[PDB]
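**Q** So that we are looking at the same thing, I have put the structure below in structure tokens.
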Number of protein chains: 2
Amino acid sequence: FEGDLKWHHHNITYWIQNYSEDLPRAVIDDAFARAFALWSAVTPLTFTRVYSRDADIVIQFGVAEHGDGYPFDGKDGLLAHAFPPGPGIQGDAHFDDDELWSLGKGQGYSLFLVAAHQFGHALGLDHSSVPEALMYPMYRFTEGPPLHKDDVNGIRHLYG
Amino acid sequence: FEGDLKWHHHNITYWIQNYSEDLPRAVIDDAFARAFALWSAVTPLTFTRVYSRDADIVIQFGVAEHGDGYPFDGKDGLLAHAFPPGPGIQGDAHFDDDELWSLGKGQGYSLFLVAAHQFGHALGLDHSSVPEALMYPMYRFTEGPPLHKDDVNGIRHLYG
Ligand SMILES: CC(C)[C@H](C(=O)O)N(CCNC(=O)c1cccc(C(=O)NCCN([C@@H](C(=O)O)C(C)C)S(=O)(=O)c2ccc(-c3ccccc3)cc2)c1)S(=O)(=O)c1ccc(-c2ccccc2)cc1
Ligand SMILES: [Ca+2]
Ligand SMILES: [Ca+2]
Ligand SMILES: [Ca+2]
Ligand SMILES: [Ca+2]
Ligand SMILES: [Ca+2]
Ligand SMILES: [Ca+2]
Ligand SMILES: [Zn+2]
Ligand SMILES: [Zn+2]
Ligand SMILES: [Zn+2]
Ligand SMILES: [Zn+2]
């Protein structure tokens, strides 16, 4: 509630600028697609993968300094970040490639879960006080449906 | 916090209820004393160690669910928590003993710097937006003085 920053059109586009070596390109594309699908279902927004610098949400993996002014910190600590909606850097989502990206139970962080969390930020969502919620600021691996009442109440407040 | 929760007396008392086995008791006593020393310089408050359950700030090391419905999660993730000022549970500071507590550069998390962050919450400070600030909610080890302008502006907003 320093805003509320939101997108001002429904058909949001995204560009996967570059890839991590941790997973196959196809797997990465799918993790990101699944992560948008979670928000797609609960909002009037649609997400279209495009191959253009002019996409609303540009996705990159970057280690340390990746030229937006906000260095990653090597392994652990900061996992990723996303800028709230608006023009340019705003809306973009950056994943620290000093982390080990994976999917499923085990090593590293689920690219899916972390992307779903970053994309909530890329839609204008802040952190939730609810510990189970996707937008709670602490990563916990879960096999369960990632969205909870508080996440859905949050986007509904913005787009609903 | 909610309505700027703050203490309404100047002589704040604390009780170290139990001890982690990670460090000598004497080192633990001194780590916590130093953490209070940092907030006493910039505030009207003084902190007196007492040996009573009626202390304002009760300090304890615990694991998982530990009595307050706000459970810890084993090694890593959540490090500690403290409650804003007020009666009973309010003001108290809990340290996850599934973490390794240490001092200096190396293993584990510095009890001194974590205590200092927790005690700022136990005085009524919320999280800071400024990544260097002691009240920034990401642990980074540092040898430099812990307080930054944002922390001290925060405490002065509460206690003048
Ligand atoms: C803003 C970004 C750069 C980014 C993000 O959230 O997008 N990240 C920043 C996150 N940090 C925060 O912005 C933040 C904001 C508000 C609150 C919090 C927070 O409350 N964390 C818990 C704080 N802890 C306690 C406390 O601070 O007293 C307490 C409230 C439980 S703590 O135990 O974790 C803790 C304690 C002490 C300290 C400490 C700090 C300084 C000195 C000494 C100690 C730090 C943390 C964290 S991140 O770390 O790379 C990240 C984290 C989680 C996810 C995620 C992925 C999938 C599913 C769910 C989550 C993705 C990315
Ligand atoms: Ca953008
Ligand atoms: Ca990192
Ligand atoms: Ca990686
Ligand atoms: Ca923990
Ligand atoms: Ca108390
Ligand atoms: Ca321990
Ligand atoms: Zn970035
Ligand atoms: Zn977040
Ligand atoms: Zn507790
Ligand atoms: Zn904190």
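Chain labels run A, B, ... following the order of the structure tokens; each chain numbers its residues from 1, and ligands are numbered from 1 in the order shown.
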Could you list the protein, DNA and RNA residues that have any atom within 12 Å of ligand 3, counting only C-alpha atoms and all ligand atoms, and write them as a list in words?

**A**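 Based on only C-alpha atoms and all ligand atoms, ligand 3 is surrounded within 12 Å by residues 61, 62, 63, 64, 65, 70, 71, 72, 73, 74, 75, 76, 77, 78, 79, 80, 81, 94, 95, 96, 97, 98, 99, 100, 101, 108 and 109 of chain A; 138 and 140 of chain B.
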
**Q** Would you put the residues from that selection into a file with N, CA, C and O atoms, as a compact mmCIF listing (two decimals), in the first residue's frame?

**A**
```txt
# COMPACT_ATOMS: atom_id res chain seq x y z
N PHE A 61 18.15 -14.78 -15.84
CA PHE A 61 18.98 -15.36 -14.81
C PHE A 61 20.24 -14.52 -14.86
O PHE A 61 20.66 -14.10 -15.94
N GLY A 62 20.79 -14.22 -13.68
CA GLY A 62 21.96 -13.32 -13.58
C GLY A 62 22.63 -13.57 -12.25
O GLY A 62 21.98 -13.92 -11.26
N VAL A 63 23.96 -13.49 -12.25
CA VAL A 63 24.75 -13.79 -11.06
C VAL A 63 25.37 -12.46 -10.66
O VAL A 63 25.79 -11.69 -11.55
N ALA A 64 25.40 -12.18 -9.35
CA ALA A 64 25.90 -10.90 -8.86
C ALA A 64 25.27 -9.70 -9.58
O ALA A 64 24.07 -9.50 -9.47
N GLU A 65 26.11 -8.91 -10.23
CA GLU A 65 25.67 -7.66 -10.83
C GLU A 65 25.22 -7.95 -12.24
O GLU A 65 25.99 -8.46 -13.05
N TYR A 70 21.03 -3.88 -8.57
CA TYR A 70 20.63 -4.67 -7.40
C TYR A 70 21.29 -5.99 -7.49
O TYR A 70 20.65 -6.95 -7.91
N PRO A 71 22.58 -6.06 -7.14
CA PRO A 71 23.41 -7.28 -7.14
C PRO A 71 22.83 -8.50 -6.41
O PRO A 71 22.30 -8.39 -5.31
N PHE A 72 22.95 -9.66 -7.04
CA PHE A 72 22.74 -10.90 -6.30
C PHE A 72 23.97 -11.16 -5.37
O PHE A 72 24.94 -10.40 -5.43
N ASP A 73 23.90 -12.17 -4.49
CA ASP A 73 24.81 -12.26 -3.37
C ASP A 73 25.49 -13.61 -3.31
O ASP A 73 25.75 -14.11 -2.22
N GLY A 74 25.77 -14.23 -4.46
CA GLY A 74 26.24 -15.61 -4.44
C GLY A 74 25.19 -16.56 -3.88
O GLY A 74 24.02 -16.18 -3.71
N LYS A 75 25.59 -17.79 -3.60
CA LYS A 75 24.75 -18.86 -3.05
C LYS A 75 23.98 -18.54 -1.75
O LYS A 75 24.54 -18.05 -0.73
N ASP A 76 22.69 -18.86 -1.80
CA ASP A 76 21.75 -18.63 -0.71
C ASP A 76 21.53 -17.14 -0.58
O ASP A 76 21.98 -16.38 -1.44
N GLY A 77 20.87 -16.73 0.51
CA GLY A 77 20.46 -15.37 0.68
C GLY A 77 19.38 -15.04 -0.33
O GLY A 77 18.33 -15.70 -0.38
N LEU A 78 19.63 -14.00 -1.12
CA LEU A 78 18.65 -13.51 -2.06
C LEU A 78 18.42 -14.54 -3.14
O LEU A 78 19.40 -15.05 -3.70
N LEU A 79 17.18 -14.90 -3.48
CA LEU A 79 17.04 -15.95 -4.51
C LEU A 79 16.72 -15.32 -5.82
O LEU A 79 17.07 -15.86 -6.83
N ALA A 80 16.01 -14.20 -5.78
CA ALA A 80 15.43 -13.69 -6.97
C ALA A 80 14.85 -12.40 -6.62
O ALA A 80 14.64 -12.13 -5.40
N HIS A 81 14.56 -11.61 -7.62
CA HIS A 81 13.70 -10.46 -7.40
C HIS A 81 12.84 -10.02 -8.61
O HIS A 81 13.06 -10.45 -9.74
N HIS A 94 14.05 -11.44 -12.08
CA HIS A 94 15.43 -11.89 -12.20
C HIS A 94 15.72 -12.96 -11.20
O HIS A 94 15.37 -12.78 -10.03
N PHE A 95 16.39 -14.02 -11.64
CA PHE A 95 16.66 -15.18 -10.84
C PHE A 95 18.17 -15.28 -10.69
O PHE A 95 18.90 -15.23 -11.70
N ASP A 96 18.64 -15.46 -9.45
CA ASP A 96 20.03 -15.52 -9.17
C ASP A 96 20.55 -16.87 -9.60
O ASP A 96 20.14 -17.89 -9.07
N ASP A 97 21.46 -16.89 -10.60
CA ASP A 97 21.94 -18.16 -11.08
C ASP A 97 23.05 -18.80 -10.23
O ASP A 97 23.51 -19.89 -10.55
N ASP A 98 23.48 -18.14 -9.14
CA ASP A 98 24.36 -18.82 -8.18
C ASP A 98 23.59 -19.78 -7.33
O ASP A 98 24.19 -20.52 -6.56
N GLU A 99 22.26 -19.81 -7.47
CA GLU A 99 21.45 -20.84 -6.83
C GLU A 99 21.34 -22.07 -7.71
O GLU A 99 21.46 -21.98 -8.90
N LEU A 100 21.08 -23.21 -7.11
CA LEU A 100 20.83 -24.37 -7.90
C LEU A 100 19.31 -24.47 -8.12
O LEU A 100 18.55 -24.66 -7.16
N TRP A 101 18.89 -24.28 -9.40
CA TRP A 101 17.50 -24.39 -9.85
C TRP A 101 17.17 -25.80 -10.24
O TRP A 101 17.90 -26.48 -10.99
N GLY A 108 18.43 -27.67 -4.15
CA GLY A 108 18.13 -26.40 -4.81
C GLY A 108 16.72 -25.94 -4.57
O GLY A 108 15.96 -26.57 -3.81
N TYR A 109 16.34 -24.87 -5.23
CA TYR A 109 15.03 -24.28 -5.09
C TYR A 109 14.18 -24.56 -6.32
O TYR A 109 14.69 -24.49 -7.42
N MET B 138 17.21 -9.60 6.28
CA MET B 138 18.06 -10.63 5.75
C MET B 138 19.37 -10.54 6.55
O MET B 138 19.98 -9.51 6.64
N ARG B 140 23.12 -10.75 7.30
CA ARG B 140 24.45 -10.73 6.71
C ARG B 140 25.44 -10.49 7.82
O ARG B 140 25.23 -9.61 8.68
```

**Q** Can you tell me which residues surround residue 126 (chain B) at a distance of at most 10 Å, considering only C-alpha atoms, apart from same-chain residues fewer than 6 positions away, and format the answer as a ChimeraX atom specification?

**A** /B:1-2,4,84,117,120,135-137,151,154-155

**Q** With chain A held fixed, move chain B onto it by a least-squares fit of all C-alpha atoms in order and give the output as a PDB file with C-alpha atoms, in the first residue's frame.

**A**
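The result, written out as superposed.pdb:
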```
ATOM      1  CA  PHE B   1       2.944  -1.628  -3.082  1.00  0.00           C
ATOM      2  CA  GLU B   2       3.290   2.188  -3.002  1.00  0.00           C
ATOM      3  CA  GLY B   3       0.031   3.251  -4.747  1.00  0.00           C
ATOM      4  CA  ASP B   4      -1.343  -0.256  -5.472  1.00  0.00           C
ATOM      5  CA  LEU B   5       0.806  -0.615  -8.576  1.00  0.00           C
ATOM      6  CA  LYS B   6      -1.003  -2.888 -11.057  1.00  0.00           C
ATOM      7  CA  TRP B   7      -0.962  -3.531 -14.810  1.00  0.00           C
ATOM      8  CA  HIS B   8      -3.327  -1.392 -16.872  1.00  0.00           C
ATOM      9  CA  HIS B   9      -3.863  -3.900 -19.691  1.00  0.00           C
ATOM     10  CA  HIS B  10      -5.029  -7.555 -19.681  1.00  0.00           C
ATOM     11  CA  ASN B  11      -2.711  -9.279 -22.211  1.00  0.00           C
ATOM     12  CA  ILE B  12       0.585  -9.400 -20.337  1.00  0.00           C
ATOM     13  CA  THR B  13       3.585 -10.487 -22.404  1.00  0.00           C
ATOM     14  CA  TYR B  14       6.814 -12.197 -21.228  1.00  0.00           C
ATOM     15  CA  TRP B  15      10.207 -12.868 -22.691  1.00  0.00           C
ATOM     16  CA  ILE B  16      12.616 -15.392 -21.362  1.00  0.00           C
ATOM     17  CA  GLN B  17      15.780 -13.506 -22.080  1.00  0.00           C
ATOM     18  CA  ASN B  18      18.319 -16.128 -21.080  1.00  0.00           C
ATOM     19  CA  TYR B  19      18.498 -19.581 -19.494  1.00  0.00           C
ATOM     20  CA  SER B  20      20.195 -21.126 -16.468  1.00  0.00           C
ATOM     21  CA  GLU B  21      22.116 -24.278 -17.367  1.00  0.00           C
ATOM     22  CA  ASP B  22      20.662 -26.064 -14.300  1.00  0.00           C
ATOM     23  CA  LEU B  23      17.684 -27.518 -16.173  1.00  0.00           C
ATOM     24  CA  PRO B  24      16.724 -28.126 -19.838  1.00  0.00           C
ATOM     25  CA  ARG B  25      15.387 -25.042 -21.618  1.00  0.00           C
ATOM     26  CA  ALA B  26      12.094 -26.852 -22.266  1.00  0.00           C
ATOM     27  CA  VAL B  27      11.635 -27.573 -18.528  1.00  0.00           C
ATOM     28  CA  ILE B  28      12.425 -23.938 -17.775  1.00  0.00           C
ATOM     29  CA  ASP B  29       9.892 -22.691 -20.360  1.00  0.00           C
ATOM     30  CA  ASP B  30       7.248 -25.012 -18.824  1.00  0.00           C
ATOM     31  CA  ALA B  31       8.097 -24.106 -15.198  1.00  0.00           C
ATOM     32  CA  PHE B  32       7.580 -20.454 -15.998  1.00  0.00           C
ATOM     33  CA  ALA B  33       4.357 -21.245 -18.039  1.00  0.00           C
ATOM     34  CA  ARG B  34       2.936 -23.128 -15.162  1.00  0.00           C
ATOM     35  CA  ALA B  35       3.787 -20.271 -12.789  1.00  0.00           C
ATOM     36  CA  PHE B  36       1.861 -17.879 -14.955  1.00  0.00           C
ATOM     37  CA  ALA B  37      -1.049 -20.438 -15.298  1.00  0.00           C
ATOM     38  CA  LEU B  38      -1.588 -20.177 -11.537  1.00  0.00           C
ATOM     39  CA  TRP B  39      -2.127 -16.357 -11.660  1.00  0.00           C
ATOM     40  CA  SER B  40      -4.040 -16.377 -14.901  1.00  0.00           C
ATOM     41  CA  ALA B  41      -6.806 -18.594 -13.390  1.00  0.00           C
ATOM     42  CA  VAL B  42      -7.586 -16.036 -10.587  1.00  0.00           C
ATOM     43  CA  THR B  43      -7.204 -12.843 -12.620  1.00  0.00           C
ATOM     44  CA  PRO B  44      -8.460 -11.007 -15.710  1.00  0.00           C
ATOM     45  CA  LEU B  45      -4.915 -11.302 -17.165  1.00  0.00           C
ATOM     46  CA  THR B  46      -3.546 -13.675 -19.776  1.00  0.00           C
ATOM     47  CA  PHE B  47       0.228 -14.279 -20.279  1.00  0.00           C
ATOM     48  CA  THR B  48       1.691 -14.685 -23.798  1.00  0.00           C
ATOM     49  CA  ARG B  49       5.265 -15.745 -24.321  1.00  0.00           C
ATOM     50  CA  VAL B  50       6.864 -13.372 -26.856  1.00  0.00           C
ATOM     51  CA  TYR B  51      10.358 -13.158 -28.278  1.00  0.00           C
ATOM     52  CA  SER B  52      10.905  -9.448 -27.960  1.00  0.00           C
ATOM     53  CA  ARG B  53      12.654  -6.985 -25.633  1.00  0.00           C
ATOM     54  CA  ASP B  54       9.410  -5.022 -25.564  1.00  0.00           C
ATOM     55  CA  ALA B  55       7.722  -7.739 -23.436  1.00  0.00           C
ATOM     56  CA  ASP B  56       6.018  -6.524 -20.220  1.00  0.00           C
ATOM     57  CA  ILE B  57       7.784  -9.068 -18.011  1.00  0.00           C
ATOM     58  CA  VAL B  58      11.357  -9.768 -19.010  1.00  0.00           C
ATOM     59  CA  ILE B  59      12.769 -12.813 -17.331  1.00  0.00           C
ATOM     60  CA  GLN B  60      16.488 -13.245 -16.834  1.00  0.00           C
ATOM     61  CA  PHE B  61      19.006 -15.270 -14.872  1.00  0.00           C
ATOM     62  CA  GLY B  62      21.949 -13.262 -13.550  1.00  0.00           C
ATOM     63  CA  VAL B  63      24.628 -13.014 -10.855  1.00  0.00           C
ATOM     64  CA  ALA B  64      25.909 -10.369  -8.402  1.00  0.00           C
ATOM     65  CA  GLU B  65      25.412  -6.897  -9.866  1.00  0.00           C
ATOM     66  CA  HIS B  66      23.550  -7.612 -13.094  1.00  0.00           C
ATOM     67  CA  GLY B  67      22.433  -4.321 -14.447  1.00  0.00           C
ATOM     68  CA  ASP B  68      19.789  -2.918 -12.190  1.00  0.00           C
ATOM     69  CA  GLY B  69      21.770  -1.737  -9.197  1.00  0.00           C
ATOM     70  CA  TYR B  70      20.071  -4.370  -7.127  1.00  0.00           C
ATOM     71  CA  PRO B  71      22.788  -6.976  -6.858  1.00  0.00           C
ATOM     72  CA  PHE B  72      22.532 -10.615  -5.893  1.00  0.00           C
ATOM     73  CA  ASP B  73      24.807 -12.206  -3.264  1.00  0.00           C
ATOM     74  CA  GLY B  74      26.036 -15.570  -4.579  1.00  0.00           C
ATOM     75  CA  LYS B  75      24.720 -18.905  -3.261  1.00  0.00           C
ATOM     76  CA  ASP B  76      21.856 -18.810  -0.759  1.00  0.00           C
ATOM     77  CA  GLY B  77      20.348 -15.679   0.807  1.00  0.00           C
ATOM     78  CA  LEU B  78      18.561 -13.702  -1.895  1.00  0.00           C
ATOM     79  CA  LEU B  79      16.971 -15.973  -4.441  1.00  0.00           C
ATOM     80  CA  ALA B  80      15.386 -13.655  -6.948  1.00  0.00           C
ATOM     81  CA  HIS B  81      13.545 -10.407  -7.234  1.00  0.00           C
ATOM     82  CA  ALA B  82      10.963  -8.803  -9.396  1.00  0.00           C
ATOM     83  CA  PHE B  83       9.759  -5.328  -9.834  1.00  0.00           C
ATOM     84  CA  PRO B  84       6.159  -4.139  -9.428  1.00  0.00           C
ATOM     85  CA  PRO B  85       4.167  -3.280 -12.608  1.00  0.00           C
ATOM     86  CA  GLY B  86       5.201  -0.382 -14.789  1.00  0.00           C
ATOM     87  CA  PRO B  87       7.456   0.434 -17.768  1.00  0.00           C
ATOM     88  CA  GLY B  88      10.916  -0.890 -18.600  1.00  0.00           C
ATOM     89  CA  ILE B  89      12.613  -2.532 -15.543  1.00  0.00           C
ATOM     90  CA  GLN B  90       9.195  -2.570 -13.830  1.00  0.00           C
ATOM     91  CA  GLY B  91       7.461  -5.934 -14.132  1.00  0.00           C
ATOM     92  CA  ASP B  92      10.744  -7.794 -14.743  1.00  0.00           C
ATOM     93  CA  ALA B  93      11.779 -10.880 -12.868  1.00  0.00           C
ATOM     94  CA  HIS B  94      15.388 -11.872 -12.091  1.00  0.00           C
ATOM     95  CA  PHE B  95      16.651 -15.228 -10.865  1.00  0.00           C
ATOM     96  CA  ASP B  96      19.992 -15.508  -9.018  1.00  0.00           C
ATOM     97  CA  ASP B  97      21.956 -17.998 -11.099  1.00  0.00           C
ATOM     98  CA  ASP B  98      24.424 -18.600  -8.231  1.00  0.00           C
ATOM     99  CA  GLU B  99      21.517 -20.650  -6.881  1.00  0.00           C
ATOM    100  CA  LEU B 100      20.896 -24.170  -8.056  1.00  0.00           C
ATOM    101  CA  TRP B 101      17.477 -24.229  -9.871  1.00  0.00           C
ATOM    102  CA  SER B 102      15.586 -27.528  -9.855  1.00  0.00           C
ATOM    103  CA  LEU B 103      12.058 -28.967  -9.634  1.00  0.00           C
ATOM    104  CA  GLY B 104      10.631 -31.479  -7.178  1.00  0.00           C
ATOM    105  CA  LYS B 105      11.789 -32.417  -3.674  1.00  0.00           C
ATOM    106  CA  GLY B 106      15.561 -32.587  -3.329  1.00  0.00           C
ATOM    107  CA  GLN B 107      18.376 -30.218  -4.202  1.00  0.00           C
ATOM    108  CA  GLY B 108      18.202 -26.602  -5.028  1.00  0.00           C
ATOM    109  CA  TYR B 109      15.243 -24.237  -5.119  1.00  0.00           C
ATOM    110  CA  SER B 110      12.141 -25.062  -7.237  1.00  0.00           C
ATOM    111  CA  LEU B 111      12.057 -22.708 -10.230  1.00  0.00           C
ATOM    112  CA  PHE B 112       8.353 -23.271 -10.402  1.00  0.00           C
ATOM    113  CA  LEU B 113       7.540 -22.115  -6.834  1.00  0.00           C
ATOM    114  CA  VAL B 114      10.062 -19.269  -6.872  1.00  0.00           C
ATOM    115  CA  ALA B 115       8.785 -18.085 -10.262  1.00  0.00           C
ATOM    116  CA  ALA B 116       5.231 -18.247  -8.964  1.00  0.00           C
ATOM    117  CA  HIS B 117       6.231 -16.012  -5.935  1.00  0.00           C
ATOM    118  CA  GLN B 118       8.214 -13.592  -8.217  1.00  0.00           C
ATOM    119  CA  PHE B 119       5.348 -13.295 -10.723  1.00  0.00           C
ATOM    120  CA  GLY B 120       3.024 -12.315  -7.864  1.00  0.00           C
ATOM    121  CA  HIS B 121       5.407  -9.435  -7.159  1.00  0.00           C
ATOM    122  CA  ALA B 122       5.556  -8.731 -10.986  1.00  0.00           C
ATOM    123  CA  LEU B 123       1.724  -8.327 -10.767  1.00  0.00           C
ATOM    124  CA  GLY B 124       1.845  -5.939  -7.753  1.00  0.00           C
ATOM    125  CA  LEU B 125       1.601  -8.218  -4.713  1.00  0.00           C
ATOM    126  CA  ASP B 126       3.689  -7.499  -1.639  1.00  0.00           C
ATOM    127  CA  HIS B 127       4.604  -9.907   1.144  1.00  0.00           C
ATOM    128  CA  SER B 128       2.063 -11.775   3.085  1.00  0.00           C
ATOM    129  CA  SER B 129       1.954 -12.145   6.931  1.00  0.00           C
ATOM    130  CA  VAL B 130       0.489 -15.705   6.649  1.00  0.00           C
ATOM    131  CA  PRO B 131       3.302 -18.258   6.789  1.00  0.00           C
ATOM    132  CA  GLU B 132       1.618 -20.729   4.376  1.00  0.00           C
ATOM    133  CA  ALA B 133       0.930 -18.236   1.699  1.00  0.00           C
ATOM    134  CA  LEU B 134       2.873 -18.276  -1.530  1.00  0.00           C
ATOM    135  CA  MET B 135       3.603 -14.546  -0.856  1.00  0.00           C
ATOM    136  CA  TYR B 136       5.153 -15.346   2.595  1.00  0.00           C
ATOM    137  CA  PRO B 137       8.797 -14.272   2.127  1.00  0.00           C
ATOM    138  CA  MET B 138      10.427 -17.518   3.203  1.00  0.00           C
ATOM    139  CA  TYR B 139      10.983 -20.364   0.726  1.00  0.00           C
ATOM    140  CA  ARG B 140       9.584 -23.746   1.717  1.00  0.00           C
ATOM    141  CA  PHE B 141       9.297 -26.609  -0.676  1.00  0.00           C
ATOM    142  CA  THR B 142       5.703 -28.030  -1.017  1.00  0.00           C
ATOM    143  CA  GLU B 143       3.888 -30.508  -3.195  1.00  0.00           C
ATOM    144  CA  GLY B 144       0.510 -28.905  -2.428  1.00  0.00           C
ATOM    145  CA  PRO B 145      -1.249 -26.312  -4.540  1.00  0.00           C
ATOM    146  CA  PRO B 146       0.795 -23.067  -4.196  1.00  0.00           C
ATOM    147  CA  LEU B 147      -2.006 -20.468  -3.893  1.00  0.00           C
ATOM    148  CA  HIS B 148      -3.713 -19.788  -0.533  1.00  0.00           C
ATOM    149  CA  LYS B 149      -6.649 -17.556   0.380  1.00  0.00           C
ATOM    150  CA  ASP B 150      -4.350 -14.667   1.265  1.00  0.00           C
ATOM    151  CA  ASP B 151      -2.641 -14.676  -2.137  1.00  0.00           C
ATOM    152  CA  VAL B 152      -5.917 -14.775  -4.045  1.00  0.00           C
ATOM    153  CA  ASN B 153      -7.481 -12.119  -1.772  1.00  0.00           C
ATOM    154  CA  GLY B 154      -4.384 -10.009  -2.562  1.00  0.00           C
ATOM    155  CA  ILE B 155      -4.611 -10.394  -6.327  1.00  0.00           C
ATOM    156  CA  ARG B 156      -8.402  -9.722  -6.270  1.00  0.00           C
ATOM    157  CA  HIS B 157      -7.765  -6.557  -4.247  1.00  0.00           C
ATOM    158  CA  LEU B 158      -5.738  -5.391  -7.312  1.00  0.00           C
ATOM    159  CA  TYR B 159      -7.550  -6.837 -10.324  1.00  0.00           C
ATOM    160  CA  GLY B 160     -11.068  -7.448  -8.936  1.00  0.00           C
TER     161      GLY B 160
END
```

**Q** Return as a list in words the full set of residues in chain B whose backbone-based DSSP assignment is strand (DSSP E).

**A** residues 11, 12, 13, 14, 15, 16, 46, 47, 48, 49, 57, 58, 59, 60, 61, 62, 80, 81, 82, 93, 94, 95, 96, 101, 102, 109 and 110 of chain B
